[PDB]
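Protein chains in written order, with the authors' numbering: chain J, 1 to 114; chain A, 3 to 1023; chain N, 1 to 107.
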Amino acid sequence: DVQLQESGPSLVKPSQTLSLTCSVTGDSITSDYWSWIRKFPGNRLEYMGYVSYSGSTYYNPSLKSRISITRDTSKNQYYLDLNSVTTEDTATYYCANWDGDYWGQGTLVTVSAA
Amino acid sequence: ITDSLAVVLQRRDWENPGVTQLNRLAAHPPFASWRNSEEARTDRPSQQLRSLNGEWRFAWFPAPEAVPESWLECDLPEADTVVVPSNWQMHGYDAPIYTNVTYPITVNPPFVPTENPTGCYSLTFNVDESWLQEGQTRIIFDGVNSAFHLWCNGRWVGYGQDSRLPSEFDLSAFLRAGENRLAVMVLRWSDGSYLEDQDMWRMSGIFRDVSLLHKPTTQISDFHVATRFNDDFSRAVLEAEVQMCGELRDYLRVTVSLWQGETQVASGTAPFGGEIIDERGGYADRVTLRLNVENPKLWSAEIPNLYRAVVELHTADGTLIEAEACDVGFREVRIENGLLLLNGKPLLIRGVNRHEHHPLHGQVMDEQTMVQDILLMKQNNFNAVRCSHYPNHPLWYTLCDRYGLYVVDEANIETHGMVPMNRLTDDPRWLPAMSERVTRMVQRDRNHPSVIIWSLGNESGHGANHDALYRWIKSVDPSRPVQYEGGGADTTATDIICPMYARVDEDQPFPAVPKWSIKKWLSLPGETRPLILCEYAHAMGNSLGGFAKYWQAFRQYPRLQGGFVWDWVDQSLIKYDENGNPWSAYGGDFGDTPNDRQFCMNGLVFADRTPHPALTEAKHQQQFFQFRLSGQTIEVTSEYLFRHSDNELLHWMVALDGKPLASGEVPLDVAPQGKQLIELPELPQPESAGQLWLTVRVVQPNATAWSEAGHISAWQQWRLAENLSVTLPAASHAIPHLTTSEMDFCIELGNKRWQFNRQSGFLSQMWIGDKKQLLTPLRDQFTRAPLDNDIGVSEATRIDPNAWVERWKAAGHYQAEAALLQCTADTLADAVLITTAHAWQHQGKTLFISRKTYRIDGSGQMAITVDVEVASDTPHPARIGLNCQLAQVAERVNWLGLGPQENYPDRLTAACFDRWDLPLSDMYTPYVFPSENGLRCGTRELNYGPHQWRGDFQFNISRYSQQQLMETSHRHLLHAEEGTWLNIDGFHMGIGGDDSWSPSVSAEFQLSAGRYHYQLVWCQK
Amino acid sequence: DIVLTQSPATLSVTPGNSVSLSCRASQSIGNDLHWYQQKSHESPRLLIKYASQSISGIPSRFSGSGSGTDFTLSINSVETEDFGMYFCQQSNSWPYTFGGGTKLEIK
């Protein structure tokens, strides 16, 4: 069966690049479309984007070109890179397949000067 | 015991076309068995209809015979937990085979191979005791490929063939309350396979849904709808024929009600019992109602007006036994007087062929995918789709009904691989099997408004079996025309001449089954049918050249009512690398044998639904508004037949070499088939030199169900004027210095220096300051990394000497060697002048001759002037220009010419002249099978880094040499090279596309002049 | 972009009773509306897809209805395990968007 899990820093500084990894086990990353979704402290959910089989990407315009979603078939993982983060990017990040049947556990990332 | 594998398998029903099914219920339109009329009306979900989709247990075997009797009674230790529906090849069990024509298995009808991949599915589930009190509980499989046997609670139920239609069995008496178990054994190959030889991946399994339907004992067994109209469509009759099963009791009634929204429009009630039909009477178990509808809203792809029809089976005291429903569309389809009419007007089919394909899921379809496809199509100017080449997933029709697309429904019958093609279709022994593939389709899809034409199958030659089946349909459902292309495209089995790959103007007169030029085909003696191409414009890779020729005939000849492009999506599949990285796979990439490689990629969109550039060329040619410019008046013509331009704005604009001087916006008020006149404001006109261009765009201000707001539906551009430049440059302050040596000539001026190698005759290097600019010398180029069309069906094994590539190869184009004939430097009053000449030869044959002059002036600008001579007797070159490898690598590319997208000579009508600026990445087209790509024509100025080239040329620029492209089988294996490769063409041959297995480049697009001249100006900023 | 509005923002109910949650789109989205459940410290869980299609492994008491702009998620006889947040999400057009959520609590 399929399993997804997010990994990466839980604390980052303003202006830096937030980078998360989603490890997929149980099936190949070439067998689905992959997404990133985040939940803001106020219970607001935002669909950040997804990468489909051809490699084409779809990013939420709200991210003003700060986002990049890539894949690595050899490691069976896909990634999220969010540049120039601010306190507004503090949220719980989740990876899930496009169908929405498989989700990671989610990981909290806090953006603070401290 | 007689349920035993041993016993069952014994008969080998899958090796016998005389047994297509065992215990399968009859076909019919989609049922839900609602038990409340409102739910039915609103399409709510029926609690009487349950999905068994999900996690199932599966086990694979190499032969049916290797299945263990145990399986019937109990799961298997090693059985995996798979998700259903799915294609087991998609899970890893065996490989998918990508073969076109040539059958996957060995041709020995009706036999199949002993090694025959069996998939054992099983499912444990609960049946609610209520379902067993009464009614009937039946099971449905919407698609099992290719054949299968079924057991329930260890008992044998039945068998079924036909991968693309539903098989239903009554489980009523095998079911026990609570826990039940199904054992389904699916055979990959069967005698049914002989009839399923479509050009697509060969897969297997329970790939469409599984359901349970509970019906009353006395129920609705089938129903059909029909709509007749009056001369002007101001009045219609809805006619519904209903049949029931069970005991007929006088208190039984039927009510058919027609809603339009919330509003009931008409209702009718009656009891069973039809009119006298013959000497024995009528059908007591049928009833037909007729509802009158005044001024019905008509359905069309332009405006999908729909009604809801509810069929209630009740008793007279008002008690509901059960209800069924369907959407209704009022439309009339007729061929009249050589023309195909829809609601009285003649269609112009802007269509495409579409397969059920998902790169991830193989052949399993989902709502999301369907919808995506639909919207892309509608957005891109398509009206219709052909179900190449089998009945589709049920939901499809419904969406088309709703979003508005004309559908050609096609029987699941293709025997392409027989010799001759006819072999089975002419054989009475296959008549039955075939028969079921046609009849069931009709019984199932007949009530959908989107379906306007029935098709007998594909590429199965022409046999007496077709003639019979065609007559059958005509008898049963005269509401639609029938079409079949096999055997010449104009047989007695088709109402429409529907060839594939017929050229516009040229004939291809194969014996027995020629393909006349479409314009000619129509006037052949005695011919009077309309002509619509079932497949045309093979969209494989860098293709679609000539697309416009088609559009133009369609527009000039009435009886040419369009066609279906081939095809929608690339049938590529996803594979993963050494690092869980995905990549697009094709024929033979699964160790699949034998196979047709790239032949499975002919879509307009990539498997992920991202468009190939061709898509635009289509969109533009198929646009519904047409323009003409007369003075400063624009004439707009609407190609809509039913709707008025009511979400349309026209934006106009004038610009001088990329610079905007004026804009307008004008709301369109044009009726279908109408004209609208538009007079433009007095247009500015400058002294400045350059070209003045008018460009107009039609915009959809408001969003629709398939388009966003601000969607552009059409466009057109014209050149208005030209102010030629009569201005001589400012006499150079400086003057270049020429330093000679025996190796080369150097030119210096400022920080700038240029070196020409006297041994080769090429500009070997250049510096701006201390920085070198080239990695490779600037040199003449006459070839190109072969497009799919240049190659055709030529293989290393079996060479096609006619394929462009072969010709080029054979003639030495790819391996010709230059020869310095001359190389001189001269000093001019205010400039340096270099002069060269080479000869390209192969085996003592001079193919071409290139003569240049470089002239560097005080401005530090070099002007290249080139003049090629091409031998009359050598295949015309793919191109003629120069290339070189730049040292730099910049983020953007900016040019003034056609774009923004990739455009070739026989494929550039959709492109606009202007100033474009894009990222380098966008100047490369990721065709899965790498080849020459990314060209942009009519360029006047191109800018990359500090370079600027000026003239009239076509060009392309990426990080891949032609050679790398040419030598990489897949795009995922390409690697970016040191700098930037630039190809600047004075000339480029067309891409072709009429088909991809013979030369398709029209003469007008072949570089056949002999003498070619061009000039450039290279310089810096 | 498409805006999804959910109502009520909060709903209190006693186990055993039934409830219906609303989600309305700013413009037609056909049937591309999905429902998710989310509990504290947990990832969202898909309950219904494409307005009314059932999902394997989800309690039968969950059902969805609607098309166009008005959708509803119904829970027949709420159980304690049902308390949490419910979000609708549309996939008709990019960017996909989520409703603001409805909190279901015990009364």
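Ideal placement from N, C-alpha and C gives every residue a C-beta, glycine not left out.
Opening and closing residue of the beta strand (DSSP E) in which residue i lies
i, result
"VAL188/A", "180-189"
"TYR552/A", "No beta strand (DSSP E) holds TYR552/A; the alpha helix (DSSP H) holding it covers 549-558."
"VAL1019/A", "1013-1022"
"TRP654/A", "651-658"
"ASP45/A", "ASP45/A -> no beta strand (DSSP E), and no H or E assigned at all."
"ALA96/J", "91-97"
"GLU681/A", "677-681"
"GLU57/A", "56-63"
Three-state secondary structure assigned by DSSP to residue i
i, result
"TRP133/A", "helix"
"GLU71/A", "coil"
"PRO9/J", "coil"
"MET436/A", "helix"
"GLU980/A", "coil"
"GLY406/A", "helix"
"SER68/J", "strand"
"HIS840/A", "strand"
"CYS22/J", "strand"
"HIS974/A", "helix"
"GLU369/A", "helix"
"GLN702/A", "strand"
"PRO61/J", "helix"
"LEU27/A", "coil"
"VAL1003/A", "coil"
"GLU296/A", "strand"
6 Å Cβ shell around residue i - same chain, five flanking residues per side excluded
i, result
"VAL453/A", "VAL409, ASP411 and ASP447"
"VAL3/N", "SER26"
"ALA29/A", "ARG442, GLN445 and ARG446"
"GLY331/A", "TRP301, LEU308 and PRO451"
"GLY406/A", "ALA303 and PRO306"
"residue 2/A", "In the structure as shown, chain A starts at 3 and stops at 1023, and residue 2/A therefore has no counterpart that could be examined."
"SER74/N", "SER20 and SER63"
Cβ neighbours of residue i in the same chain (closer than 7 Å, five flanking residues each side left out)
i, result
"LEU215/A", "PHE33, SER35, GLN50, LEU51, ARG140 and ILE142"
"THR530/A", "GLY340"
"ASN597/A", "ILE99, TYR100, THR101, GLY589 and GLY590"
For residue i, the first and last residue of its enclosing alpha helix (DSSP H)
i, result
"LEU401/A", "397-401"
"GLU619/A", "616-623"
"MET48/J", "Here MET48/J belongs to no alpha helix (DSSP H); instead the beta strand (DSSP E) covers 44-51."
"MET864/A", "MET864/A -> not in any alpha helix (DSSP H); beta strand (DSSP E) instead, spanning 864-872."
"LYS661/A", "First-last for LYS661/A: 661-669, but that is the beta strand (DSSP E), not the alpha helix (DSSP H)."
"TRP523/A", "520-523"
"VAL9/A", "7-10"
Other residues of its chain near residue i: CB distance less than 8 Å, five sequence neighbours each side excluded
i, result
"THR120/A", "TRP62, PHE63, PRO64, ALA65, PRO66, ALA68, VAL69, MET187, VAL188, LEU189 and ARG190"
"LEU322/A", "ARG37, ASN38, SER39, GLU314, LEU315 and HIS316"
"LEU11/N", "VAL19, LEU21, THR102, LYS103, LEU104 and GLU105"
Integer-rounded CB distance, given that residue j should sit under 8 Å from residue i
i, j, result
"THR5/N", "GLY100/N", "7 Å"
"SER586/A", "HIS974/A", "7 Å"
"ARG356/A", "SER390/A", "7 Å"
Discussion item. Suppose only complete runs of 4+ residues qualify. What are the alpha helix (DSSP H) ranges in the stretch 97-144 of chain A, listed by chain order?
Written reply: 131-135
Worksheet item: What are the uninterrupted segments assigned as beta strand (DSSP E) that are 3 or more residues long and contained completely in the stretch 219-270 of chain A, given in chain order?
Response: 221-231, 237-247 and 254-262
Fill in: Runs of beta strand (DSSP E) wholly within the stretch 792-858 of chain A (minimum 3 residues, chain order)
822-829 and 833-844
Discussion item. If we require 3 or more residues per run, which beta strand (DSSP E) segments fall completely within the stretch 437-485 of chain A?
Written reply: 453-457
Worksheet item: Which full runs of the beta strand (DSSP E) of 3+ residues lie inside the stretch 683-746 of chain A, going along the chain?
Response: 692-702, 713-725 and 739-742
Item to complete: Taking only runs that begin and end inside the stretch 527-609 of chain A, name each unbroken beta strand (DSSP E) of 3 or more residues, in chain order.
Response: 533-540, 562-568, 575-578 and 584-587
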